[PDB]
Each structure stands twice: as C-alpha cells, then as structure tokens.
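Examining the three-dimensional arrangement
Single-letter residue listing:
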Amino acid sequence: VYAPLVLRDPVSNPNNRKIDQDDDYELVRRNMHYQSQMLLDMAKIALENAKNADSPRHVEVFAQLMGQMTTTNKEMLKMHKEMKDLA
Amino acid sequence: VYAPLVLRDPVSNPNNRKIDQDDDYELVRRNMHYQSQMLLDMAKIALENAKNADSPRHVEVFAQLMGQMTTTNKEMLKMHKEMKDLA
Amino acid sequence: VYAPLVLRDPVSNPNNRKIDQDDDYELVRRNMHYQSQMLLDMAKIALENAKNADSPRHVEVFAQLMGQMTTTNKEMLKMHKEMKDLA
Amino acid sequence: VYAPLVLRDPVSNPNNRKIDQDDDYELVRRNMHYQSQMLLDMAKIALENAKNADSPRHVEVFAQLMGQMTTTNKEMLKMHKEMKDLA
Amino acid sequence: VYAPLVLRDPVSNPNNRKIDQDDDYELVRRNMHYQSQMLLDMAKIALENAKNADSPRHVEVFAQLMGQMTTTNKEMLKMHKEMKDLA
Amino acid sequence: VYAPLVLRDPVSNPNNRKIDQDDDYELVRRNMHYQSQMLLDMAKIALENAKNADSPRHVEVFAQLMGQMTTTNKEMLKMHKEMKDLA
Amino acid sequence: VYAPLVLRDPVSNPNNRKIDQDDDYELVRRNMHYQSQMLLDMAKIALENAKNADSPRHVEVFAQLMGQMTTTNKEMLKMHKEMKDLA
Amino acid sequence: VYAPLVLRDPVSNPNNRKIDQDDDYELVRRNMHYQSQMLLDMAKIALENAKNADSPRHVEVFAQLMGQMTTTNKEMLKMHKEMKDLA
Amino acid sequence: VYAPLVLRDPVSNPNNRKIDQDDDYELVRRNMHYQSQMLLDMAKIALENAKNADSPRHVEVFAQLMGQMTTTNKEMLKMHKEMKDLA
Amino acid sequence: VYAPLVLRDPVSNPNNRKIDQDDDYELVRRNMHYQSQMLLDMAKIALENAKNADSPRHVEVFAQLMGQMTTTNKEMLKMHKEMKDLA
Amino acid sequence: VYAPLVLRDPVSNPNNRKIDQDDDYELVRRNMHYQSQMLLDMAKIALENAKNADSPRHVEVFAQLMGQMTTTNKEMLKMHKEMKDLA
C-alpha cells in the first residue's frame, strides 16, 4: 500500500499576478526537467527490451515513447517563448 | 461504500464580474497545482513499475501520463496569458 | 429505482436579452464549479486506486481524468473572456 | 411500449427573419437548460457509481460525461454571442 | 413491412434563386425543429435508462446523445447567420 | 437480384459553362431534398425502435442519424451561399 | 470471374494545358454524376432494408451513405468554383 | 505468383527543371485517369454486390469507395490549379 | 535470410548547401517515381483480387491504395512548388 | 543478446549556435537519407509479399509504408526551406 | 530490479531567464540527439526483422518507427528556428 497523497494548496494573488507567474514558471520548468529525466530513464530500458524481445508490441510502444519524448522536448523551448510574450 | 459528495454552490455576480474572475482564477490555479502533484506522484510509481515488468503495456501507460503531464504544464502558462488578456 | 427527473422550463426574454445572459452566466458558473468538485473527488479516489493495485487500466483511466480535468479548468477562464466580449 | 412522437410543425417567415430568430432563441435556450439538468442529474449518479464499483469503465464513462457537460456549458455562453452578432 | 417511400421532386429555379432560398429555408428550419423534438424525446428515455441500469454502456451512449443534441441546437442559430449573409 | 443500374452520362460544356452550372444546381437541390425526405422517414422509425428496445446500441445509432441529419441540413443553406458566389 | 480492366492512357499537353483542363472537367463532372446516381440507387435500397428489419446496423450503414451523398453534392458545387478560378 | 517489378529510374534536371515539371505533369495526369478508371470499374461491381448480398458490410465498404472516388475527383481539378500556380 | 542493408552516408555541404539541394532533388524525384510505379503495380493486382474474391475487405483495402495513390500524386506536383520557392 | 546502445553526447554552443546548426543539418540530412534507404529496402520486399500472399493485410500494410515513404520524401525538401529561413 | 530514479531539481531564474534558455537549449539538443540515436538503433534491428519474418505486423510497426523518426528530424531544425526567434 502507498501512503495517500497530501495535496498542498498554493497561495494565489489575483491582484498581484507577477509573483504567481514567477513561481508557476519555476514549477513548470522543474516539472519539464523531471519529465525529461523520467522519459530518458524509461527510453534506455525500453530500447533494449524492444531489441531483445523480438515482438512488434515492444517496438510499437517504443515508437509511442519517442513520440512523447519529442513532444516534451518541443515544449521546453515553447515555454520560453510563452514567457517572452508574457514579459 | 464511499461518502457521497455534497455539492457546494458558488456565489455568482453577473454585474460585478471581477469578484468572480478573481475567485475563479484562485480555484483554477489551485486545481492546476493539484493536477501537477497528482500526476507527479503517479508518474514516479508508473515509471518504476514499467522498468521492472518488461511489459509494453506499462511503458505505454507511462507515456500517456507524460502526455498528460505535458498538457498540464502547457496550460499553466496559458492560464497567465488568459489573465493578461482579461486585464 | 431512481426518481424520474422533472424538467424545469426557464423564462426567456428575446426582447430583453441581458436578464437572460446574467441568469445563464449564473448557471454556467455553477455547473463549472460543480464539475471541478466532482472531478477532484473522483481524481483523489482514482489516484489511490491506480497506485494500490498493479493495473495499467487504472493508470490509463486516471490519465483520462486528468485530461478531462484540465479541459474543464481551461474553460472556466475562457468563460470570463466570453463575458467580457459580450459587454 | 412508449407513445409515438407527434411532430409539431413550426411557422417560418423567410422575408421577416427577426420573428423566427426570437422564437428559435427561446427554443435553443430551453433545450440547453433541459440538457444541463439531464447532464447534472446523470453526473451525480455516475460519479457515485464510479467511486463504488472498482472498475475502470465507470470512471472512463464518467470522464466522457464531464467532457459533454463542459461542451454544453461552452455553447450556452456562445449562444448569446451568436445573438449579439445578429444585429 | 413499412410503405416504400415515394420521393417527391422539388421545383427548382436557377435564374430565380430567391424563391428556392425561401423554400429551402422553410424546409431546413422545419427539419431542425423536428430533430430537436426527436432528440429531446429520446434523451428523456435514455436518461432514465442509464440511471437504473448500473452499466457504463447506457451512460456512454447518453453522453453521445447529449453531444448530438448540442450540435443540433448550435446549428439552429448558425442557420440564421447563414441567412443574414445571403441577404 | 436487384436490377442493374444504368449509368446516365450527361452533356458537358467546358467553354459554355453557365448551362452546366444551372443543370447541376437542379440535380444538387433535388438530391438534397431526396436526402432530407429519406432521413426523416428513417428517423421516425429508428426513434421508436430505440425508445422501445432498451438497448444502448439503438440509441447510439439514433445519435448517428441525427448527426447526419444535421450535416445534410447545414449543406443545404450553404448550397445557396456557393451559388451566390458564382457571380 | 470478371474481365480484367484494360487501362487507357490519356493524351496530355504540358505546354497547352487548356484542352487537358476541358477534357478533365468533362471527366470529373461525368464521374460526379455517376456517383450521385450510384448513391441514390443504393440509398433507396438501404432505406427500405433498414425499415423492414429491426436492426441498428442497417440504420448505421444507411447513415454512412447519406454522409457520403452529402459530400458528393458539396463537391459538385465546389467543382464550379475551381473551374471559375482557372478561367 | 507475379513477376517482380523492375524500377525505372528517371532522368532529372536540377538546373533546368521545366523538363521535369512537364514529364511529372504527364505522369500524374496519367495516374489520375488510371485511378478514376480503376475506381469506376470497382464501384460498378461493388454497387451490385452491395445491392444483392444482404450484408451491411458490402454497403459500408461501398460508401468508403464513394468517399475515396470523390477524393480522387477533387484532386483532378486541384492538379490544374497547382499547374497554374507554377506559372 | 535477406542481405542486411548497408547505410550509405551522404556528403553534406553546410556552407555550400545548393549542391545538397540539387542532390536531394534528384533523390526525392527518383523516389516519387519509384512510389508511383510500386503503387500502380500493386493497384492492378489489388483491383482484380477485389473484383473476383467478392469480399468487402478486398474492396476496402483497394480503396486504401487509391487514397495513398492520390497522396503520392499530390506531393509530386507539390515537390515542384517547393523547388520553385527554394530557387 | 543485442549490444546495449551507448549514447553519444553532443557539444553544444548556446553563444555561437551557427556551428550547432551546421552539425545538426549534417545529422538531419544524413538521417533523412538513411530513412529513405531503409524505406525503399523495405518497400521492394513488402510489395512482392503483398502481391503474392492474396491477403488484404499485406496490401493494407503496404499502403501504410507508402504513406510513410511519402512523408519522408516530403520532409527532405522542407528541410531545405528550414535552413534557408535560418540563413 | 532496476535502481529507482533520483529526480534532480534544476535552478530556475524567472527574472534572469537567459541563463535558463541557454541551459534548456543544451538539454533539449542533447535529448534530440539521444532520440535520433535510439531511433536509428531500433530501426536497423526492426528493418531486418520485418524483411526476414514474413509478417505484416513487423512492417506496420517499422513504418511507425519511420514516422516517429521523421518527426524527430523535423523538430531538430525547428529547434534552431525557435532559438532564433528567442534572440
């Protein structure tokens, strides 16, 4: 059994948004960094399995993994463009 | 049996819309933060399950979460853009 | 056997639209809030479900909930843009 | 066995449009209000079903309900913008 | 055994289109009125069926109904916008 | 065995196109009227079948008809708009 | 066993394309006429089949033809736009 | 068992492409005529099959042909527009 | 066992890219031609299979070839527009 | 057992990115060429396999290959536009 | 059992974003290089498998790898365009 997740409620500032923006930027960027670490970690293992299992499903799912890995990396640069337009 | 949800009813102000805008912004940001925590929590477990199972399904399902985590990230920054246009 | 729903016919003013807008915005904002309340209640349960039993289907279904939760968050802020344009 | 539907035929005015617009606006708004009642009625039940019967299908189908409930909400606001567009 | 449908040929005027527009407008608006009646009649029954069945299929199919009910009601007002553009 | 169809090759005039435009306008308007008459004939039967079958499948397909009834209606008004555009 | 098709090479004029255009228009229009006839033929039979038998498939299949019949009609008008643009 | 295809390598002109354009024009047009001939050949037969074999699959797949036959006719006229664009 | 493919590494000129362009043009065109030859070869065989075997699958898959054959034809002319824009 | 892949880290220069562009251009073009060789090599074999097996699946998958072969071919010339835009 | 991943937190500077862009550009270019390497490594093995084992699945799955390989290349040169528009 896993311990239930305690949800942490952020402090929002509707009339002073720039500080919400700054924190959210840090959070998004952290997450994108976690994602790429996770994806790469998964890819290395997924690759060797797909090479050795000699089964089309392994290869098909590896292709889906790559598709996602590209989407993630694509977004990291898109983030800075969204930030530039906000500032 | 789980406890039935008791629906909470918001106070709406059509003629004084900004009160609503502020509160709705605080909720949306709160939710998005919840979303990113829930996704992260699940991601870490789904990653380890996929690595040790040698099952394409587990990898596929991990990719789906990453897909969702990315969309969640995209929409956090797009939220601030909508606020900038509203203000 | 559940009690059959009794439909509630609203009063509409084609000649006096503004009173309808406000009432409909009151209703829409209510439903929006209800939806986030429902989604969050389900997300918490679905997350623990997905974590406890090694079952990709539960993980897959949790992802879909996040996807739907995100779409509902998006529209809450787009509602305010729709109202600003109307006035 | 249910009683067959008896179709009511409306009166159309091709060269005096505004009369038709006003009447169709009343119908559209009525239908949408019924729709949001039906959806909310099902949502509450489908939510408690999805929580209690530990099976992915119930959650998946609850997600599709929320998607449809969101889409119906969007169109209630867009209805009014369609009206403002018409002179 | 139902009675074979006898197709009724309309009268067309390529060089006096105004009479055709008006005729086709009366037909389209009539059909959209029939659809909304038919769908609303279906939704009442489909709702109660999905409430008492305790099976995802019924809920799934009710959602599909709601989606089509939405599309129909949206195109009713869009019909007018097309007519305004024609005149 | 149903009677084989005998295909009817029309007369075409690339250098004197206005004759063809008008001739095809009548064919299209006729076909659209044929479509609408057929769909309504089917709709009335499909509806009562669905109402009394207590089967999700029947509702699903009825929702498929309405979507097709709506699409045919849309293209009828737009047929005139395209004719307006042709000088 | 049916007689194999013997393919007929068209005469093309790369530097004097107008006679290619004219013949290709005469082929396209012919083919579109052939299509609307084949669909109407099929639809007449498909409708009666979907009436006499209480069978969702036959309805579903009838709807798909109407969908295809609407698109064919749409493209016939859109053919006269492309031909107008080429001249 | 069929004879293996022998691939015919074309001669290209990077710096005098007008010769390439013309040849490629004759090829594409040839292949479009080939396609419309082939599709009509299939349709004539598929329609009779769909009429006689009391199985929806025949009608569903016939509809797919019609969709495809429409698509192939759309691009015949779009070819000439593209050829016009190439000055 | 087929003979493993040996990857032939091309020579690229980053700051003399026009040579690479011309080389790539001849390669792309060679392949476009190979494609239309392979598709047409397959289509002649697929057409007769579909006609004689009286199976919806054969008709369905034949339609997919044509769909793909139409696409290859499209890109062939679109290649020349891309070349025009590059020079 | 296949040999594990050993990932080679590139050398990145954020300040003087022109060197990186050129290297990546060589990489991209090289890989696009590989891709073109790999598709062709497969196409030859799949084509004959589809012709002789008399099974829809083989023809279906051949069509899929061709669609992918066209996408690859399309992107080779679009690559040169991308570089011209960066120049 | 594989060793659990340890997530590494980056340092983000919301009001000194250039440091972040440079580091992220390096990371994204590293990952895109990793992806192309992984995709090529899989493609080589998938190619021979598809050729040697007469099975449509292996060919289908290979095509999916190629699609994903093409997308990755596309995105490598877009990365630079994205960096150019940031400067």
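All of the points below concern the structure found in this document.

Conventions and cut-offs
- Residues numbered from 1 in each chain as written, not as in the entry; some residues may be left out.
- Chains lettered and ligands numbered in written order.
- Heavy atoms only, no water.
- Helix = DSSP H or I, 4+ residues; strand = E, 2+ residues; numbered from the N terminus.
- Rg over C-alpha atoms; globule rule 2.2 N^0.38 Å.
- Buried < 20%, exposed > 50% of the residue type's maximum accessible area, 1.4 Å probe, protein only.
- Contact = heavy atoms within 4.5 Å.
- Areas by Shrake-Rupley, 256 points an atom, 1.4 Å probe, with all protein chains shown as cover.
- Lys, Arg positive; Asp, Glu negative; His and termini not counted.
- Charge placed at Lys NZ, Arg CZ, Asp CG, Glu CD.
- Buried area = accessible area lost by both parts, 1.4 Å probe.
- Salt bridge = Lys/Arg side-chain N within 4 Å of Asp/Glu carboxyl O.
- Nonpolar A, V, L, I, M, F, W, Y, C, P; charged D, E, K, R; others polar.
- Least-squares fit on C-alpha atoms.
- Core = buried A, V, L, I, M, F, W, Y, C linked by side-chain atoms within 4.5 Å.
- Expected span 1.5 Å × (residues − 1).
- 1 Å grid on protein atoms, 1.4 Å probe; cavity = no way out; pocket = protein on both sides within 12 Å on 5 of 7 lines; lining within 4 Å.
- Points joined across faces, edges and corners; volume = space filled by probe spheres on them.
- Patch = residues over 30% accessible without salt bridge, like charges linked within 9 Å, V, L, I, M, F, W, Y side chains within 5 Å.
- Axes fitted to C-alpha atoms, helices over the stretch in contact; angles between N-to-C directions.
- Parallel < 35°, antiparallel > 145°, perpendicular 65-115°, else oblique.
- Left-handed = near helix turned anticlockwise from the far one by under 90°.
- Polar contact = N/O pair within 3.5 Å; in protein donor to acceptor, adjacent residues only side chain to side chain.

1. Re the overall build of chain A
When its secondary structure is counted, chain A shows 2 helices and 0 strands. The C-alpha atoms of chain A give 18 Å as radius of gyration, which overshoots the globular expectation for 87 residues (12 Å, by more than 25%). Projecting the C-alpha coordinates of chain A onto the three principal axes gives extents of approximately 60 × 40 × 15 Å. Here chain A holds 87 residues, and 62% of them are scored as buried. Here the analysis covers contacts within chain A between residues at least 6 apart in sequence; of these, 58% occur between residues at least 24 apart. Taken as a whole, chain A presents about 3500 Å² of accessible surface, with 49% of it coming from carbon and sulfur. When the 12 positive and 13 negative side-chain charges of chain A are each reduced to one mean point, those points stand 4 Å apart.

2. Focus on the interface of chain C and chain E
Tallying the contact residues gives 6 residues for chain C and 6 residues for chain E. Summing the contributions of chain C and of chain E, the shared interface buries around 420 Å²; its carbon and sulfur component is 60%. Together, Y2(C), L5(C) and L7(C) form the three largest contributors to the area buried by chain C at its contact with chain E, with a combined 74%. Counting across the interface, chain C meets chain E through 0 salt bridges. Per-class residue counts for the side of chain C that touches chain E are 6 nonpolar, no polar and no charged.

3. A look at the relation of the copies chain C and chain E
Between chain C and chain E, which share one sequence, the superposing operator has a rotation angle of 65° and an axial displacement of 0.1 Å; the RMSD is 0.3 Å. The relationship between the two copies is best expressed as a six-fold rotation axis.

4. Some remarks on the interface of chain A and chain K
With 40 residues of chain A in contact, the opposing surface of chain K contributes 47 residues. Summing both sides of the interface, chain A and chain K together bury roughly 4100 Å²; the carbon and sulfur share of this comes to 64%. Taken together, chain A and chain K are joined by 6 salt bridges. Its salt-bridge partner being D85(K), residue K81(A) comes within 3.9 Å of it at the nearest N-O pair.

5. Focus: the arrangement of the chains
Nowhere do chain D and chain G come into contact; their C-alpha atoms are at least 15 Å apart. These two, chain B and chain H, are apart from each other, with no contact and a minimum C-alpha gap of 31 Å.

6. Some points on the nonpolar core
Ranked by internal contacts, the top residues of the largest apolar core, which has 186 residues, are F62(C), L65(E), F62(H), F62(I), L65(I) and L65(K). Among all residues touching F62(H), those that are not within four sequence positions of it are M38(G), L39(G), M42(G), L65(G), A43(H), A46(H), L47(H) and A50(H). In this structure, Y25(C), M76(C), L77(D) and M83(G) belong to the second largest nonpolar core, which totals 98 residues.

7. Points about the environment of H80(K)
With respect to the helices, strands and loops of the structure, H80(K) is situated in helix 2 (residues 56-86). Sequence-wise, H80(K) and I19(K) are 61 residues apart; in three dimensions their C-alpha atoms are separated by 17 Å.

8. Overview of helix 1 (residues 18-52) of chain H
Here helix 1 of chain H is 35 residues long and its end C-alpha atoms lie 51 Å apart, about the 51 Å a rise of 1.5 Å per residue gives. Across the 35 residues of helix 1 of chain H, 27 count as buried, placing the element largely inside the fold.

9. Remarks on the layout of surface pockets
Of the pockets and cavities examined, the largest pocket occupies roughly 350 Å³. Going through the elements one at a time, helix 1 (17-52) of chain A together with helix 1 (17-52) of chain K are the ones with two or more residues in the lining of the largest pocket. Its residues placed into classes, the lining of the largest pocket shows 5 nonpolar, 3 polar and 5 charged.

10. A word on the pattern of salt bridges
Opposite charge on two side chains permits pairing when their charged atoms draw close. Residue and element names in this part refer to chain J. Under the definition given, this model contains 93 salt bridges over all chains. Residue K51 is joined to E48 by a salt bridge in which the shortest nitrogen-to-oxygen separation is 3.0 Å. Placement of the pair is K51 and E48 together in helix 1 (residues 18-53), with a separation of 3 residues, close to one helical turn. Using a relative accessible area of 2% as the deciding quantity, one classes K51 as buried.

11. Re the environment of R8(J)
As for its placement among the helices and strands, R8(J) is situated in the segment before helix 1. The contact partners of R8(J), leaving out residues within four places of it in the chain, are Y34(K) and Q37(K).

12. Describing a positive patch on the surface
A contiguous patch of positive charge, built from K74(B), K78(B), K78(C), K81(C), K84(C), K78(D) and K78(E), is present on the exposed surface. Elements represented by at least two residues in the positive patch include exactly helix 2 (56-86) of chain B together with helix 2 (56-86) of chain C. Among the elements that make up the positive patch, the one with the highest residue count is helix 2 of chain C (3 residues). Note that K78(D) resides in helix 2 (residues 56-85).

13. So, helix 2 of chain B
Under the 1.5 Å per step criterion, the end-to-end length of helix 2 of chain B is 45 Å for 31 residues, consistent within 8% with the ideal 45 Å. Taking burial as the measure, the 31 residues of helix 2 of chain B include 23 buried ones, the bulk of the element.

14. Examining the packing of helix 1 of chain H against helix 1 (residues 17-53) of chain I
Interhelical geometry of helix 1 of chain H versus helix 1 of chain I gives an angle of 15° and a closest axis separation of 11 Å. The angle between the axes of helix 1 of chain H and helix 1 of chain I places the two elements in the roughly parallel class. Relative to helix 1 of chain I, the crossing made by helix 1 of chain H is left-handed. Taking contact as the criterion, the partners of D20(H), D23(H), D24(H), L27(H), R30(H), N31(H), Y34(H), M38(H), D41(H), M42(H) and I45(H) in helix 1 of chain H are, on helix 1 of chain I, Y25(I), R29(I), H33(I), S36(I), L40(I), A43(I), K44(I), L47(I), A50(I) and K51(I).

15. A short note on the side chain of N73(D)
Tracing the chain through its elements places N73(D) in helix 2. Given a relative accessible area of 2%, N73(D) falls into the buried group. Those residues within four positions of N73(D) in sequence are excluded, and the remaining contacts are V28(C), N31(C), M32(C) and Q35(C).

16. Description of the packing of helix 1 of chain I against helix 2 (residues 56-86) of chain J
Across the interface, helix 1 of chain I lies against helix 2 of chain J with an axial gap of 10 Å and an inter-helix angle of 165°. Classified by the interaxial angle, the pair formed by helix 1 of chain I and helix 2 of chain J is roughly antiparallel. The chirality of how helix 1 of chain I crosses helix 2 of chain J is left-handed.

17. Things to note about unusual backbone geometry
Residues and elements named next belong to chain F. A positive phi angle is found at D54, which is not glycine, with a value near 40°. Here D54 lies in the loop between helix 1 (17-53) and helix 2 (56-85). The phi angle at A87 is positive, at roughly 55°, despite the residue not being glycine. Inspection of the secondary structure puts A87 in the segment after helix 2. Since its relative accessible area comes to 83%, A87 is described here as exposed.

18. Section: the environment of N52(G)
Note on placement: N52(G) falls in helix 1 (residues 18-52). Along the chain, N52(G) and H80(G) lie 28 residues apart, while their C-alpha atoms are 40 Å from each other. Ignoring anything within four residues of it in the chain, the contact list for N52(G) reads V1(E) and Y2(E). Side-chain polar atoms of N52(G) contact the backbone nitrogen of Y2(E), separated by 3.4 Å. Within polar-contact distance, the side chain of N52(G) engages the backbone oxygen of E48(G) at 2.9 Å.

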